[PDB]
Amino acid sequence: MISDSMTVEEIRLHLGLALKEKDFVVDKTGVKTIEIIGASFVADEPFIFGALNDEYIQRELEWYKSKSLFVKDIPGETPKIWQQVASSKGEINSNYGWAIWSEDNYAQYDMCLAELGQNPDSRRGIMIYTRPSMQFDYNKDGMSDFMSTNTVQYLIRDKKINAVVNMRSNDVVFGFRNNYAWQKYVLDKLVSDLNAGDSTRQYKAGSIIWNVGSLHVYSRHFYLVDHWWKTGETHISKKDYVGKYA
């Protein structure tokens, strides 16, 4: 329930407990992960662990605005992770701007805006990112990119627009921070676009509720969890870290 959810601080706690208990799950790539299964929490902070990176977030936003399905179109030197999951032609699936703004994905943003504009109380205000053909599209031309965001639903209650984000899979360190920045962007845009449609509406952004099948940390970031466990600091440079996960 929206008003009675876990917080990000409680998510940190449960991830710390999973590491302490050595409750490891082996990733498809062979490395260890720790997870929360069926996570559900209000994103009351914009990160869980790790450093800020407004600069990558702005690059990702421009890539999303371009709607390009090719990773080289990310501004600047495209990150190694995107080069690795891309197809033989540099193609991917998970351009979230394509997902919500392309006519080839059935105009998710515009139809959600139109639905809520005609019925503010509607339960049908949703942006549908994934697709049934993803069962075969996730490795087209050799890519490795099964859509992780499934749907985001928008529910206007007491003049606040709440976003229910439904994710299959979310990396705690980079994925959550980037995805949170993106979902908050879309929510603020929907609030603004609805308010611009009619000055009587006077909507505000509500809560972003994060629901994840597997919310996980890769072994290469266990040091961030361990350092926080010991100190309460949500970030440390890998250079400065002292512990058993170097």
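Residue numbers here begin at 1 and follow the sequence given.
Exercise for review: Decide which of the stretches 196 to 204 and 39 to 47 has the higher mean C-alpha B-factor, going by the entry.
Suggested key: Between 39 to 47 and 196 to 204, it is 196 to 204.
Practice item. Could you check which stretch, 22 to 30 or 186 to 194, carries the larger mean CA temperature factor in the entry? Key: Looking at the record's C-alpha B-factors, the answer is 22 to 30.
**Study point:** Relative C-alpha B-factor of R124, binned into the chain's lowest, middle or highest third
**Key:** Tercile = lowest for this residue's CA B-factor.
Practice item. Please rank the C-alpha B-factors of the chain's modelled residues and tell me whether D110 sits in the lowest, middle or highest third. Key: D110: CA B-factor falls in the middle third of its chain.
Review point. Once the chain's modelled residues are ordered by C-alpha B factor and cut into thirds, is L215 in the lowest, middle or highest one?
Key: Its C-alpha B-factor belongs to the lowest third of this chain's values.
Exercise for review: Please place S88 in the lowest, middle or highest third of its chain by C-alpha B factor as given in the entry.
Suggested key: Top third by C-alpha B-factor.
Practice item. State the tercile, meaning the lowest, middle or highest third, of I81 with respect to the CA B-factors recorded for its chain. Key: Within its chain, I81 is a highest-third residue by C-alpha B-factor, going by the deposited values.
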